[PDB]
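Student: Questions regarding the structure given below will be posed in turn.
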Amino acid sequence: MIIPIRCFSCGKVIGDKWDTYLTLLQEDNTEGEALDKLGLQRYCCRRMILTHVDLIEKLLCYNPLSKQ
Amino acid sequence: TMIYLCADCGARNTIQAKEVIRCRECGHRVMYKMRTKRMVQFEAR
Amino acid sequence: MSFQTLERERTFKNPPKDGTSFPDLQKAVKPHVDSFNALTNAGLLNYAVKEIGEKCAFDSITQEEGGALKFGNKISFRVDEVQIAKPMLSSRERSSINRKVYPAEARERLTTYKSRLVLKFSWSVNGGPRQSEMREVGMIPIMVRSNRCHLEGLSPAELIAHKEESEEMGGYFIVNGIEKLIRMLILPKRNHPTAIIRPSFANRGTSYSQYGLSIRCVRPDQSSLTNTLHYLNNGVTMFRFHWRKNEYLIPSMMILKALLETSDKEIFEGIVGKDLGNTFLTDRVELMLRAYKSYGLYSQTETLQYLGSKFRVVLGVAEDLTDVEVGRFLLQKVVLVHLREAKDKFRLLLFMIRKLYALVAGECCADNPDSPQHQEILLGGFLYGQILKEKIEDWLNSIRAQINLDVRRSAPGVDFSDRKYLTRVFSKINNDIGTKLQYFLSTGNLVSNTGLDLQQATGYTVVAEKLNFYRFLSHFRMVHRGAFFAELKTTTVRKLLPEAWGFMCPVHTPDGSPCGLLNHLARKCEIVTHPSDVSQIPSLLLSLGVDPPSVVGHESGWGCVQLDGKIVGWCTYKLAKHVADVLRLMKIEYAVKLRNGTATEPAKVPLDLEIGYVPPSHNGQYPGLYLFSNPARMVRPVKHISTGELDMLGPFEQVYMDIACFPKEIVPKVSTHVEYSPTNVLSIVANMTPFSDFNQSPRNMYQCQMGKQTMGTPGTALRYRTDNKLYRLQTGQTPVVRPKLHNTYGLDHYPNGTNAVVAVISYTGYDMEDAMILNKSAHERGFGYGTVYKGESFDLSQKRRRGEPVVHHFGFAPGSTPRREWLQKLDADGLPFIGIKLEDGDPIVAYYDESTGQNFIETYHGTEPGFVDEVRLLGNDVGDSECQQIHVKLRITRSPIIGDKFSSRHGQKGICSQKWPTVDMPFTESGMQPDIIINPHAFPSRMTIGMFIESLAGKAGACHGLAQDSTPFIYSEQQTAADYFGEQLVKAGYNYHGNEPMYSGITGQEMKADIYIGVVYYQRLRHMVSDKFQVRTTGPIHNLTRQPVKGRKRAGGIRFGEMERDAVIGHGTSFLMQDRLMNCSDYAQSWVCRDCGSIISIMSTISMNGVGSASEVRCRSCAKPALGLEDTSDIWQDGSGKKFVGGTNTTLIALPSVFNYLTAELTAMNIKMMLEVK
DNA sequence: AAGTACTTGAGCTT
DNA sequence: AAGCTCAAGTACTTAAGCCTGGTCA
RNA sequence: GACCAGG
Ligand SMILES: [Zn+2]
Ligand SMILES: [Zn+2]
Ligand SMILES: [Zn+2]
């Protein structure tokens, strides 16, 4: 679901480092190297906010309390 | 009496025991219960 | 390639309201739902019910020496059409708008997805009024997202607004809430007269021979039956057919003369028209002709009356109407159905008998019917339509028998014109067929009076366990060839014999017992299910130089041409190949015209057609040009080389076409076809295993069969799924190595596992013998964090005995309730607090009887702390009922516990062994602790070098920010894939072979040799704690023998014997044997009579005296009656009051209870064992 | 299917 | 005549362990 | 107890 705070191998915090990653591909025309501007030099903490499925935004559109 | 939710229409229906279950506006035949205020503890592990 | 993310996120935030994003999943489900659409439209049911005919009844006045018995009031009723309305609200209107019922309410209310099934009944009143009436015939299922569901063509927005998940595929009948499905089975080829050599034939018919000819003919409505030729040593051939589970055996010359009013010279010149007087055939045909001349008759009338008087009894035809048309009826119904015209049946049967004699003539090879060559696929909807046709035939014949009973009684009410009569008759008989269908789909017992040419009667349906998406697909794609062949133990048809290349996957087929049987279809092999129009094909054939001989003529050189079971003409074989060539070119040209600008007229040659040119050759398959045009076959696409456009072909062209598999492999003058991309060869699930062409095929097979069970995301709509056991992997992510088809099929919605920095190293010492390790810090920071959902249901409807009305209800009956746990958990309504943690011994629902008024209880019988997420008060039905069902969905949590199997994508299933601490792990010059340590000694002897390649690819992809494309067959021998990924890595900065220098953790010094660190995808498996551990200290026992029960749900004990006995009794541990096999399981103290030697004869004494001494047991059989004066000591009495004397030799021997049970049953067989003691 | 031992009838010799 | 070994032919039980799930009438 | 699953 949500971004896995505190990436697995290392201990860096990457919670806040997705909503500012997504608006780099979105509007900067950059490639996957965009995340390098975020301060991720290793490649353990880099296979986290690169290849993570944010599978919540497809799941939050299921409220039973829709009132509609 | 309790509070439930219409599965389709989503309307609080306040049904009492030994009653005809149905959505009082929808005609639907399924009701979820709603989570009330309850104090539970979970270890952060 | 690059990670499509901005497209993924934008499709997530606001689903596409235009068109379902990933179309190829729909093109994958296409077979089933298209079969069902072809049920409803394209006139499938209609043709069937029409071909049932009409069924008759009438008042019988015995012929009485007349022969023509007179009968006035004869009704022959007929079924006009069948209608399957959209599933509306429950059958009757109930004080509201009759609303549609989406499958959501099907899955929640835990009941099936039914719809009204209407019949159009017609009359004949021994006249012509033919008045009609619409009949309610119960309710039948309907395929989700079919032409009869309320979701077809609905755009994913309208789906997520309902309770299905965006890329719903549909295709499954819902029954009680467990999505059942009709597996595709494999059948013999339609209409194509094949040969058989199988030993049973001869020794069944001792004059018979293994040489036989089989043909599976099918009417236009897909109501096939099989009629085979059995050849006998004498020279005659018997024309096998099968009717109502009854074999039938008629001679071919008989039926041949019966068909057409013919001259026997026409028969011969049809059989051996050639090379006049070729000795073999011209003698065998002479022998057959004399043999039939022996006892037969001459004319068509006489023969037809012979046959009719023969068959009249078994045939369910009208008892009266005729006997000549009964003969024209048997030749209409059983002999050859796919042919409509009689003369054409005649021509084709001549072809068949010529081919069979050729088969004995050794000039034709033995066809191998157990190959995808002569094989076809029965879709789900076609079987559904055939079973519906059969249940309808039964219904008609049943009301026919009922009216016959009304005529039989004496004449209670007899006016076949009056409607009231028929409404009464309909009232009497069972008028529900829908429930028969629903029972079929629930279990699968195809119970029909005739098997419809399907060998096994059972197993047609399988639950669609949505456990993980790959399993969902591989349910929809797969096939299975039947348990009849399964039970046979042979290295036969379970072999992957190669005429399947691109038809049915070679790699993926499960391990274990069914290995080799169920072959999942290839990635692109469709199943063409919508037939076409092909009359223009005979037109164009006869226009193309081939003409059928009206005058009986036949030569040597000429061969045969047949359009899926019809003699069209004859041709010289070189012309045959030229005809095939020009026809195929016409097919491709007009199709590629139909796609683009050019308007669409009726297609001359339908693309699906596979022109079956069978070349001639010595000792070869018999050559007959085969122009097949039917559905229920397999068809796969390729690119045509002389043109540059698509072309599709079926399982005849493979064996005779030079299909080049690489654009650079093409050799001119031979290669007529080029494969799109050999990726198109494998299946779906097998395709998405990167570098699938570097592994030893057993390992790709393991990884295929075991990826179908990943604990992955079973979708996204989980709030509205009442399935029994669902698994959700809290934090899954996209593979860094992914074959581009993995994005095209849109799996990214449905990830399966995570990406672990796997350092190949043997350092911990724990990770040997195929196990592995798991870096504890990663295990606690959220590695594969499983969540199980167990939705258990409670139904007061069943537990009421009978008689008195609805009694029990949920809640707290007026009266007190316990405080200690009840009021803690259960809210007030007997429904538990939402989200309160439950421990095994604790209630989940509270219901009370009205009579006793005392609340009952049911506790959480699971033995592991579970939570509660949602409780659903399943309303009963249309309305006006009490809450008679609850559905509680318990959310068990399961972190990776030691034993929870993990697996890379190449077959390396392991165990998380020790969860090694994070600081005691190795580490590199950069600082990343490798999260999961795999073992080096596991890569040889398994040949999973593909995994090392995957490691390279992952460490390359993660660095730069690429998504390394790893489809099979891309990287050739000139430049290795290793070299390309290594160039990438040395660009990034790390070593070029993939190595990296790692210092150990507990000593601090470097490892002398470098170590391997990659980025693999570890799709976690599903076997952790439920399966694993059962302990039995003391517990429940067996009613009969007091041995512990066979449980794990009833604390059942583990079995120890019949080889465990040999183990110890080799060890020489008689005491251990006597201990385990006797002492711990079933121990007892039983008394025996030493005098008589019987164990049943012991009875403990009753009413000896006051309290006094203890009951001293005695023996009845050795005791004599109490008549006479005897001393007070030895006497004793009986519960009924009898006194006896004798039977005092009762000692106390240990004896396993099972021997007591054996004594009981044995003496029930009247024989008793007399055991001595000394 | 595999294969076992089982049992009955038809042909040859005193 | 009929005694008596010879022949194919008719009845007839087994096909590894476990273990765990599920659905079913 | 029977049919599909699974190690
Ligand atoms: Zn890290
Ligand atoms: Zn409602
Ligand atoms: Zn005795």
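These protein sequence lines map, in sequence, to chains J, L and B. Using the entry's author numbering, you'd call the opening residue of the first sequence number 1 and step up by one each time. Using the entry's author numbering, you'd call the opening residue of the second sequence number 19 and step up by one each time. Using the entry's author numbering, you'd call the opening residue of the third sequence number 1 and step up by one each time. The beta-carbon is built from N, C-alpha and C at its ideal position, and this holds for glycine as well.
Near ligand 2, which residues have their beta-carbon closer than 7 Å to a heavy atom?
Tutor: Every residue passing the under-7 Å Cβ criterion appears here: L:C24, L:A25, L:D26, L:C27, L:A29, L:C41, L:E43, L:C44, L:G45 and L:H46.
Student: DSSP has residue 1181 (chain B) in a bridge; who is on the other side?
Tutor: Residue 1181 (chain B) lies beyond the range of chain B shown here (1 to 1174); nothing can be said about it.
Student: Consult DSSP for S895 (chain B) and reduce its assignment to one of helix, strand or coil.
Tutor: Working through the third sequence from its first residue, we reach residue 895 (chain B) at position 895. Coil at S895 (chain B), not helix or strand.
Student: Kindly indicate which residue of B:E65, B:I160 and B:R109 has the alpha-carbon position closest to the one of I886 (chain B).
Tutor: Numbered from its first residue, the third sequence carries residue 886 (chain B) at position 886. If we check each option's Cα against that of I886 (chain B), B:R109 comes out closest.
Student: So that I know if they touch, is there some Cβ in chain B lying closer than 9 Å to that of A29 (chain L)?
Tutor: As a working mapping, residue 29 (chain L) is identified with position 11 in the second sequence. Not an interface residue.
Student: Based on DSSP bridge pairs, tell me the residues matched to residue 1212 (chain B).
Tutor: In the structure displayed, chain B extends from 1 to 1174; residue 1212 (chain B) sits before or after that span and is not available.
Student: Which same chain residues end up closer than 8 Å to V407 (chain B) when comparing Cβ atoms and leaving out the 5 residues on each side of it in sequence?
Tutor: Here residue 407 (chain B) refers to the residue found at position 407 when the third sequence is read from its first residue. These residues qualify, in order along the chain: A57, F58, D59, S60 and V414.
Student: Spatial neighbours of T40 (chain B) within its chain, please: C-beta separation below 7 Å, excluding the five flanking residues on both sides.
Tutor: Position 40 of the third sequence, counting from 1, holds the residue named residue 40 (chain B). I84, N147 and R148.
Student: Would you tell me roughly how many angstroms separate the C-alpha atoms of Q373 (chain B) and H32 (chain B), rounded to the nearest one?
Tutor: Taking the third sequence and counting its residues from 1, the one referred to as residue 373 (chain B) is at position 373. Taking the third sequence and counting its residues from 1, the one referred to as residue 32 (chain B) is at position 32. Computed Cα separation, rounded: 22 Å.
Student: Our contact map puts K1120 (chain B) next to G1142 (chain B) with C-beta atoms below 8 Å; I'd like the distance itself, whole angstroms only.
Tutor: By 1-based counting over the third sequence, the position of residue 1120 (chain B) is 1120. By 1-based counting over the third sequence, the position of residue 1142 (chain B) is 1142. Their Cβ separation, rounded to whole angstroms, is 5 Å, which keeps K1120 (chain B) and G1142 (chain B) in contact under 8 Å.
Student: For the region 919-926 of chain B against the region 964-984 of chain B, are there 3 or more C-beta pairs whose distance is under 8 Å?
Tutor: No, the region 919-926 of chain B is not in contact with the region 964-984 of chain B.
Student: Note down, in chain order, each residue of its chain lying with its Cβ closer than 6 Å to the Cβ of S90 (chain B), except the 5 sequence neighbours on either side.
Tutor: Against the third sequence, residue 90 (chain B) aligns to sequence position 90. These residues qualify, in order along the chain: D877 and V878.
Student: Please determine whether the Cβ atom of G11 (chain J) lies at a distance below 8 Å from any heavy atom of ligand 1.
Tutor: If you number the first sequence from 1, residue 11 (chain J) lands on position 11. Yes - ligand 1 has a heavy atom lying nearer than 8 Å to the Cβ of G11 (chain J).
Student: When every heavy atom of ligand 3 is checked, does at least one fall within less than 8 Å of the C-beta of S1100 (chain B)?
Tutor: Here residue 1100 (chain B) refers to the residue found at position 1100 when the third sequence is read from its first residue. No, since every heavy atom of ligand 3 falls outside the 8 Å radius drawn around the Cβ of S1100 (chain B).
Student: Please check if any C-beta of chain J sits within less than 9 Å of the C-beta of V736 (chain B).
Tutor: The residue you call residue 736 (chain B) lines up with position 736 of the third sequence. Answer yes: the Cβ-Cβ gap between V736 (chain B) and chain J drops below 9 Å somewhere.
Student: Counting only beta-carbon atoms, is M52 (chain L) nearer than 9 Å to chain J?
Tutor: Counting from one through the second sequence, the residue named residue 52 (chain L) turns up at place 34. So yes, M52 (chain L) belongs to the interface.
Student: Per DSSP, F923 (chain B) is paired with what?
Tutor: As a working mapping, residue 923 (chain B) is identified with position 923 in the third sequence. Answer by DSSP bridge pairing, in chain order: B:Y999.
Student: Does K67 (chain J) get closer than 9 Å to chain L when you measure Cβ to Cβ?
Tutor: The residue given as residue 67 (chain J) occupies position 67 in the first sequence. True, the Cβ-Cβ gap to chain L drops below 9 Å.
Student: Only counting the same chain, and skipping five residues up and downstream in sequence, which positions put a Cβ closer than 6 Å to that of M238 (chain B)?
Tutor: As a position in the third sequence, residue 238 (chain B) is number 238, starting the count at 1. These residues qualify, in order along the chain: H230, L249 and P251.
Student: Can you tell me which residues form a DSSP beta bridge with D965 (chain B)?
Tutor: Counting from 1 along the third sequence, the entry for residue 965 (chain B) is found at position 965. In the DSSP output, where bridge partners are listed per residue, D965 (chain B) has B:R738.
Student: List the residues that DSSP assigns as beta-bridge partners of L874 (chain B).
Tutor: Walking along the third sequence from the start, residue 874 (chain B) turns up at place 874. Beta-bridge pairing links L874 (chain B) to L:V48.
Student: Using the rule of at least 16 other Cβ atoms within 10 Å of the residue's Cβ for burial, across every protein chain shown, is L388 (chain B) buried or exposed?
Tutor: To locate residue 388 (chain B), count along the third sequence from 1; it is residue 388. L388 (chain B) is buried by the Cβ-count criterion.
Student: Kindly give me the distance between the Cβ atoms of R894 (chain B) and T787 (chain B), rounded to whole angstroms, as I take these residues to be in contact under 8 Å.
Tutor: Within the third sequence, residue 894 (chain B) is the residue found at index 894, counting from 1. Within the third sequence, residue 787 (chain B) is the residue found at index 787, counting from 1. Yes, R894 (chain B) and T787 (chain B) are in contact; Cβ-Cβ is about 7 Å, under 8 Å.
Student: Quick check: the Cα distance between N855 (chain B) and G732 (chain B), rounded to an integer number of angstroms?
Tutor: Position 855 of the third sequence holds residue 855 (chain B). Position 732 of the third sequence holds residue 732 (chain B). Rounded to whole angstroms, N855 (chain B) to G732 (chain B) spans 45 Å at the Cα level.
Student: Please name the residue or residues paired with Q562 (chain B) in a DSSP beta bridge.
Tutor: Within the third sequence, numbered from 1, the residue matching residue 562 (chain B) stands at position 562. Paired residue(s): B:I567 and B:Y626.
Student: Indicate, with yes or no, if ligand 1 has a heavy atom lying under 8 Å from the CB of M921 (chain B).
Tutor: What you label residue 921 (chain B) is simply residue 921 of the third sequence in a count that begins at 1. Not so, every heavy atom of ligand 1 lies at least 8 Å from the Cβ.
Student: Please compile the residues from chain J whose C-beta is within a distance smaller than 9 Å of the C-beta of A62 (chain L).
Tutor: By one-based count along the second sequence, residue 62 (chain L) stands at place 44. Under the 9 Å cutoff, chain J gives no residues; its nearest Cβ is about 12 Å from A62 (chain L).
Student: Can you give the Cα-Cα distance for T19 (chain L) and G866 (chain B), rounded to whole angstroms?
Tutor: The residue you call residue 19 (chain L) lines up with position 1 of the second sequence. The residue you call residue 866 (chain B) lines up with position 866 of the third sequence. Each residue's alpha carbon lies about 27 Å from the other.
Student: Indicate the three-state DSSP secondary structure (helix, strand or coil) for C24 (chain L) in the structure shown.
Tutor: If you number the second sequence from 1, residue 24 (chain L) lands on position 6. Correct three-state label for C24 (chain L): strand.
Student: Between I1054 (chain B) and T863 (chain B), what straight-line distance do the alpha-carbon atoms span, to the nearest angstrom?
Tutor: Reading the third sequence from its first residue, position 1054 is the one you call residue 1054 (chain B). Reading the third sequence from its first residue, position 863 is the one you call residue 863 (chain B). Taking the straight line from one Cα to the other gives about 18 Å.
Student: Starting from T1146 (chain B), trace the beta strand (DSSP E) both ways and give me its first and last residue.
Tutor: By one-based count along the third sequence, residue 1146 (chain B) stands at place 1146. Here the beta strand (DSSP E) through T1146 (chain B) covers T1146 to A1150.
Student: Would you mind reading off the limits of the beta strand (DSSP E) that contains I84 (chain B)?
Tutor: Along the third sequence, read from residue 1 onward, the residue named residue 84 (chain B) stands at position 84. From DSSP, the beta strand (DSSP E) with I84 (chain B) extends over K74 to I84.
Student: Can you tell me where the beta strand (DSSP E) holding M139 (chain B) begins and where it ends?
Tutor: Counted from its first residue, the third sequence places residue 139 (chain B) at position 139. Unbroken beta strand (DSSP E) run through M139 (chain B): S132 to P141.
Student: I want to check one thing, is the minimum distance from the CB of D1091 (chain B) to the heavy atoms of ligand 3 below 8 Å?
Tutor: Locating residue 1091 (chain B) in the third sequence gives position 1091, counting from the first residue. Yes, ligand 3 has a heavy atom inside 8 Å of this Cβ.
Student: My output table needs one value for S1094 (chain B): the three-state DSSP class, helix, strand or coil.
Tutor: Here residue 1094 (chain B) refers to the residue found at position 1094 of the third sequence. Here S1094 (chain B) sits in coil by DSSP.
Student: Which whole-angstrom value describes the C-beta separation of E51 (chain B) and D221 (chain B), a residue pair presumed to lie in contact below a C-beta threshold of 8 Å?
Tutor: Locating residue 51 (chain B) in the third sequence gives position 51, where the first residue counts as 1. Locating residue 221 (chain B) in the third sequence gives position 221, where the first residue counts as 1. That pair is a contact at about 6 Å.
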